[PDB]
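*Asks:* Residues 1 to 142, numbered by mature numbering (1 follows the signal peptide of the UniProt record, and there is no 0), are exactly what the sequence shown covers, in order.
Idealized CB from N, CA, C, for every residue including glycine.
Let me give you the structure first, and then I'll get to my questions.
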Amino acid sequence: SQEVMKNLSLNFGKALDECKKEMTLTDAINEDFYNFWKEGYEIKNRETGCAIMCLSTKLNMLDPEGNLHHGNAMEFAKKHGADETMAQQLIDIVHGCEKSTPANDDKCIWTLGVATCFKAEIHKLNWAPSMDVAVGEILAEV
């Protein structure tokens, strides 16, 4: 067996530890990014949008086996039991959430808008991706 398959499979730690230097962000991000997901929590600040928008092109960091590619997460989704039509749902939502979100002068704050909208459409679906899928896919896209 292995016993390094804990909650959150994706190696966000190292990837974020680069993106914090790439954009020269705050350091709060190394919680604040994960914290975005927490219940009762309003993460309506720029740098979590930046973390997303910078991470979206760091799949090569998250993904150790080199499965997850920019605009190709279908197989990765199936590693977590999200089939074609489950991925397509989330993908219609990503490109759907670009719409409802006003095209912000700040790509970070736009991107957090899109990733706010996404979660709320998952709440209209009848199922619930693992976050490694949902987060993994909007990163493969945005």
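Helix or strand or just coil, what does DSSP make of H95?
*Replies:* Here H95 sits in helix by DSSP.
*Asks:* Near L8, which residues of its chain fall below 8 Å by C-beta distance, leaving aside the five closest residues on each side in sequence?
*Replies:* Only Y34, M131 and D132 meet the Cβ criterion.
*Asks:* With 16 as the cutoff for other CB atoms within 10 Å, does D105 come out buried or exposed?
*Replies:* So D105 counts as exposed.
*Asks:* State buried or exposed for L55, treating a residue as buried only when at least 16 other CB atoms are found within 10 Å of its CB.
*Replies:* Its Cβ being crowded by 16 or more others within 10 Å, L55 is buried.
*Asks:* At the level of alpha carbons, what is the spacing between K6 and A128?
*Replies:* Rounded to whole angstroms, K6 to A128 spans 18 Å at the Cα level.
*Asks:* Drop a sphere of 10 angstroms on the beta-carbon of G136, count the other beta-carbons inside from all chains shown, and report buried for 16 or more, exposed for fewer.
*Replies:* With 16 or more Cβ atoms within 10 Å of its Cβ, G136 is classed as buried.
*Asks:* Within the same chain, show all residues whose beta-carbon is closer than 6 Å to that of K20, passing over the 5 residues directly before and after it, in chain order.
*Replies:* Excluding sequence neighbours, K20 sits near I29.
*Asks:* With contact counted as at least three CB pairs below 8 Å, one residue from each stretch, are the segment 80-97 and the segment 43-59 in contact?
*Replies:* No, because fewer than three Cβ pairs between the segment 80-97 and the segment 43-59 fall closer than 8 Å, the two stretches do not touch.
*Asks:* Within the continuous alpha helix (DSSP H) that includes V133, where are the two ends?
*Replies:* Start and end: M131 to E141.
*Asks:* When you compare each of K107, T101 and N126 to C117 by their alpha carbons, which one comes out closest?
*Replies:* Of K107, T101 and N126, the residue nearest in Cα terms is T101.
*Asks:* Do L62 and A120 have their C-beta atoms closer together than 9 Å?
*Replies:* Cβ distance not < 9 Å, so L62 and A120 don't count as in contact.
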